[PDB]
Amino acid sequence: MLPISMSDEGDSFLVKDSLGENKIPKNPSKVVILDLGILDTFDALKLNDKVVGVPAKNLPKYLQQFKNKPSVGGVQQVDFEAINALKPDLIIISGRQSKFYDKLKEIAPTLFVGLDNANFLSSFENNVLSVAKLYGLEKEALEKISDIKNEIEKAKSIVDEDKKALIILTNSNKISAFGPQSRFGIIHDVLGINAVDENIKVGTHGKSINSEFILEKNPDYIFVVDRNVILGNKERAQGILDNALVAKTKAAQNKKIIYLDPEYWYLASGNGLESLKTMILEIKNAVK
């Protein structure tokens, strides 16, 4: 993925990303943020005031300091009229809105901060530093990143080389798998936890699988992202995972079925200073 590139133009920046080129004024004072990871970055940088609009449909329990902000909808039910009425100087999006790119730019300059599945740490830093630049806050961002890298090293040193993990999502009562270089790739790729299957095709919502596949692989850890919470279904992951095939595996045996927090792993996608640090600790605490 093309990184973001910026050129300082005094009162603004000239900014290139994967989708376009925008002029962006320095210190934008009314930002609509449609990536929840970027919304915790604003919190981290003490930029709470500069946000005028949040996706309240999808506001995680972990961002409930953003609870008084106007809503612009949810992340593929984005409400343009909400956005137009708040009159933003900047609109920040990621992959789930890429399809509405021309339209958002109509209202305000529109910055793309997707994460690269293949180069997660490069892109995360890129996104965070690019955003901090607009506010003169690189110093701060950098200190926050450094603390993230030390935690990744801390966590890496405690990983058991002899154990392998399976990443799965649950939706309806359907299971689907992810491996390296996917949207949860950081468990394998950044934290170094070995995959039980290195050869799972990367897909935005994963690839269809069954409890037989899970027993056959017999992973030592199962990490579970429950898509049912985000999307508003009855179904829960606890339910579909508790069967006689699954229970026979090293993971179920050794109480290492791990229900990762979807508002972090599915929604925020770890594209934020707090989310990511939160996320890394969640894995360490899981596998130590």
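Think of the rigid core as the biggest set of C-alphas that the two forms share within 1.5 Å after superposition. Numbers for residues come from their place in the sequence shown, where the first is 1.
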Worksheet, complete the sentence: Between 262 to 270 and 21 to 29, greater root mean square CA displacement in 6 other deposited structures of this protein relative to the shown form, after rigid core superposition, belongs to 262 to 270
Discussion item. Which segment is farther from the shown form on average in 6 other deposited structures of this protein after a rigid core fit, 88 to 96 or 201 to 209, going by CA atoms?
Written reply: 201 to 209
Worksheet, complete the sentence: Mean Cα B-factor check, 212 to 220 vs 71 to 79, entry values; winner is 71 to 79
Item to complete: Averaging only over Cα atoms, indicate whether 166 to 174 or 94 to 102 has the higher B-factor in the PDB entry.
Response: 94 to 102
Worksheet item: Which one of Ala251, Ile258, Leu39, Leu231 shows the top CA temperature factor in the record?
Response: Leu231
Worksheet entry | Residue of maximum C-alpha B factor among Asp116, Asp197, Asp189, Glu151, per deposited coordinates | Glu151
Worksheet item: According to the PDB entry, is the CA B factor of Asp35 in the bottom, middle or top third of its chain, that is, lowest, middle or highest?
Response: middle
Item to complete: Using the B-factor values recorded in the entry, state whether the Cα atom of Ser157 falls in the lowest, middle or highest third among the modelled residues of its chain.
Response: highest
Discussion item. What third of the chain does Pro88 rank in for C-alpha temperature factor, lowest, middle or highest?
Written reply: middle
Worksheet item: Can you tell me which third, lowest, middle or highest, the CA B-factor of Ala286 falls into for its chain?
Response: highest
Worksheet entry | Third of chain Cα B-factors occupied by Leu134 | lowest
